[PDB]
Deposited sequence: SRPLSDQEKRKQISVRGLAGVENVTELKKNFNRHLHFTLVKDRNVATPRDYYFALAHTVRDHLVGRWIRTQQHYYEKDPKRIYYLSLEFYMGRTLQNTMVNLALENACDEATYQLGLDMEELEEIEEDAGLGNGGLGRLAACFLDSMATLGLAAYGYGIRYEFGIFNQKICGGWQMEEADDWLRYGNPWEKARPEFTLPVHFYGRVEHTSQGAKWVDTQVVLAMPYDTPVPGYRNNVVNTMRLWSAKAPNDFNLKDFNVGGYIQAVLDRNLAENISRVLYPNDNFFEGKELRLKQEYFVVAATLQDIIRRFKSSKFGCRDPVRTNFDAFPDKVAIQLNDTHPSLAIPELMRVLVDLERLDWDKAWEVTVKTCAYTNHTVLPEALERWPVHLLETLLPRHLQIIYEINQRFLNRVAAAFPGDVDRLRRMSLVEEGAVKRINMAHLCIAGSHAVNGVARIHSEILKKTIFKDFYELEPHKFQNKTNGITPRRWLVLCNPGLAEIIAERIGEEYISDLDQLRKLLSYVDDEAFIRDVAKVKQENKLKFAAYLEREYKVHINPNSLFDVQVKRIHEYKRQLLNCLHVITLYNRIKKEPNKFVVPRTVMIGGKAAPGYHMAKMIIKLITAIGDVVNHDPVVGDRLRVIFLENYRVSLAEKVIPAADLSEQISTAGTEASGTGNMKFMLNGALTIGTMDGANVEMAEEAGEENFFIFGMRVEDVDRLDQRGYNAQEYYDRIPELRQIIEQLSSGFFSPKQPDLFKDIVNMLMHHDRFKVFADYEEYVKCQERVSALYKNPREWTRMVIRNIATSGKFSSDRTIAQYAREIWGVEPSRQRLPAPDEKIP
């Protein structure tokens, strides 16, 4: 049907159809009389997956023969979403499969909906890892993602009585066709035990062993015939484990619990032993695998020439002392040489400056679980502090600030300090964030080793986040400028010369309307909710956090409702306000915020005077597959974190690419987005970082805003008095108390500017032609935010390798 989806050749369609039938029969053991819709999905998945294998084998063969430098991306999170459509897109099979299934009397889109998301991440950090894998394959890098194969990913969110309920994401229940178990590479991981010192070095003895069994998932590049590997480890008890008899077998569960479940905390540290075990498990198994591959090329001097390890935050920080442990204790290298190798091998990416998110592990935990690593960390700290003392003689406070060991009630290890000390490169994820790292939390480190500190602004893959989710937009762009932009997103600049093109303006607006109609229809079918598709789609989707300020959005919504109630017969631009995202199960305030949103909806959506002029909808179970649907449908992207709190954001980039305008603070990558698009084409409001700093010096007094803004006082009075909870008058007292007395994120301080800015959004939307022209100016300048750009910068500036867009032979 549409060009960017590829060719539907006669031979190809015929072959797909027969391979589909072969799989239905031989693989699924069904015929068309008894086959379930799930059977059809699996038949199709198997048919598509067959097309990966030749390329996958030859890619890995090629790496073995050419021996390039290998890149190892270590993450506890890979937020992959669904795989079927992505594989079809990257192999140019989409149109052919659509045709093949159509001829078999099946709707491919319906089949696609059957696939579970691989929800192995919480949000931004995990999705970033996934976009990165796509870009690394597309750029022909010899890259491997390494992580954990969680049996349960991020929980499925159900809303019951306006409250978040969690249920287990049993994503492997029907079997995962996109993985291959690799039992021959099963490896032992050690825990507990004790350290003996012999005549010939330290030895780690009396350990408990858990096996790490790898599962490989293919990562196809975009039409370049490259298929890289994501290798995820699963925990397995050894067979003699605990070996009355029955109990010993049942107790195997204890060891295998390591890979059971993803910790559902977004930007928050929880010092639990099981989490520490997960972090070591991935690191120990991965490093053995890396070393094995390196030896199958004795001389560890060449190790950094053949290996780069990228640490996705501090979660895999134990890679540093683990590498030292293997090099010193097992390979018998001297400390200084091992350390040189380690530093040149490792690089560290920081993802937040929020203090509660930073990993600070109690010493007593590491002492019991990882005694040799603790000793190695102490030694690293001593040698590091000796360097600081020599550089800054007599500066005793600097020594305590820079220490890897934090003193206090319980001694803790600061993992971020460990990462900086043991990495040749430290990067933030947007320009303002990287500057904040140098100026504030890592200032001491920057002064010691300025050359270590870099910026690498985040990006998103235009395959998933344009071609896959928004084929209509991809097509109208390709019609004017060709297909090359899909792997060279900077080419979107060419669209600037179409900003006054009446045909293009109409097509851009038409694609948006179609997307909105489709999404409005999705909402009725799967959720029985009614929305006006001619309204402005105002969306904020992202994890629920105080710093992300869904509450400020709530305040605006109530403002609009109150204004309508006061002047019912005045025209207002109709809006559908959509808010979605999961709250960490233990985060009370975030759970209260969800209840508030639904409570507002309950009042607003049933007020006869309001009509279809204002609707508030909570988008349940926000996840990658839902983002692919809602983002193409959005008109207005809410990116409203307090300045200095959102390191980068990536949801912001997704909306920009898909034709929504942005209302946002100058925070994270919003700054660079406004810079690329021009500030005239962005709805910027609120305090800058400098303004927040000024307010902190004076002391933030929320009462002042309450006293001076009548519209704000009304809202607080409504919340307090039970207007939004008639049968539980004090339900939202915690929210009011927080806003009035202990608001770290200064919700009231940005309220007036936000409401004014929102008025300017409504004004522009009234002029569809000018709305669309500004949209074109956003899409046209979204090129910088391709993860291909980001990865090219990591490659050249950190890993020391050159990207290549050249095809491997098919």
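S.K.: Walk along the deposited sequence from position 1 and note every stretch that has no C-alpha coordinates.
M.R.: Comparing the full sequence with the modelled residues, the uncovered ranges come out as 1 to 11, 255 to 260, 315 to 323, 837 to 842.
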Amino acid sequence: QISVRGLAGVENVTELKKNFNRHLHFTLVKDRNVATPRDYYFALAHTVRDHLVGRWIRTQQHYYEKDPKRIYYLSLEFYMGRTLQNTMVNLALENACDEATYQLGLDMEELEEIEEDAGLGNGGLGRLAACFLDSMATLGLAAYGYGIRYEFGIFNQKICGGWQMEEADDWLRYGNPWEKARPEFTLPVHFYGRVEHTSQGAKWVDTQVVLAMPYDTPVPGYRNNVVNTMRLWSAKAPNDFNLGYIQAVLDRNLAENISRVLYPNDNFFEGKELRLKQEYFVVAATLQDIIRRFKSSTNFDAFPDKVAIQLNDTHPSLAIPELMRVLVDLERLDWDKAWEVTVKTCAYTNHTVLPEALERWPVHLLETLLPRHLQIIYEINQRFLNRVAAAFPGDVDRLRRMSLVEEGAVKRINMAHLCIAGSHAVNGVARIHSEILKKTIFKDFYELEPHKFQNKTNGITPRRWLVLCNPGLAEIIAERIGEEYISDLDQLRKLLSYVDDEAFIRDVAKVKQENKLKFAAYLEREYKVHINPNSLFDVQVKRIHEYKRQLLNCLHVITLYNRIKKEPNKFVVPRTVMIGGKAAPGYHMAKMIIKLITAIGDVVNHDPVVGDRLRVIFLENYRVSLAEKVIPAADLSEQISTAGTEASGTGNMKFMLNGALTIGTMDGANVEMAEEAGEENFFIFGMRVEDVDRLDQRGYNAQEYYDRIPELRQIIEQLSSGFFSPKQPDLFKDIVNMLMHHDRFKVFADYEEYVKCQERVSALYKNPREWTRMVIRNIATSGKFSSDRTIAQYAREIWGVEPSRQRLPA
From here on, numbers count along this sequence of modelled residues.
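S.K.: Is it true that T298 has no coordinates in a third or more of the other entries in the comparison?
M.R.: Yes, a third or more of the compared structures omit it.
S.K.: Please compare 410 to 418 with 212 to 220 and name the stretch with the higher mean C-alpha B-factor in the deposited structure.
M.R.: Going by the record's values, the stretch with the higher mean is 410 to 418.
S.K.: Would you determine, from the values in the PDB entry, which of 128 to 136 and 609 to 617 has the greater average C-alpha temperature factor?
M.R.: Higher mean C-alpha B-factor: 609 to 617.
S.K.: Select one of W171, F655, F453, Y498: the residue whose C-alpha shows the highest B-factor in the crystal structure entry.
M.R.: Highest C-alpha B-factor among the listed residues goes to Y498.
S.K.: Have a look at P316, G668, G105, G580 and flag the one whose Cα has the highest B-factor in the entry.
M.R.: Within the set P316, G668, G105, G580, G105 shows the top C-alpha B-factor.
S.K.: Relative to the other modelled residues in the chain, which third contains the C-alpha temperature factor of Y63: lowest, middle or highest?
M.R.: Ranked within chain, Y63 CA B lands in the highest tercile.
S.K.: Ranked by Cα temperature factor within the chain, is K570 in the lowest third, the middle third or the highest third?
M.R.: For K570, the deposited C-alpha B-factor lands in the highest third.
S.K.: Would you please rank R493 by its C-alpha temperature factor against the other modelled residues of its chain and give the third it falls in: lowest, middle or highest?
M.R.: Top third by C-alpha B-factor.
S.K.: Can you work out whether the C-alpha temperature factor of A792 puts it in the lowest, middle or highest third of the chain?
M.R.: It belongs to the lowest third of the chain when residues are ordered by C-alpha B-factor.
S.K.: Quick check for you: using the entry's CA B-factors within this chain, is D50 in the lowest, middle or highest third?
M.R.: According to the entry, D50 has a C-alpha B-factor in the chain's lowest third.
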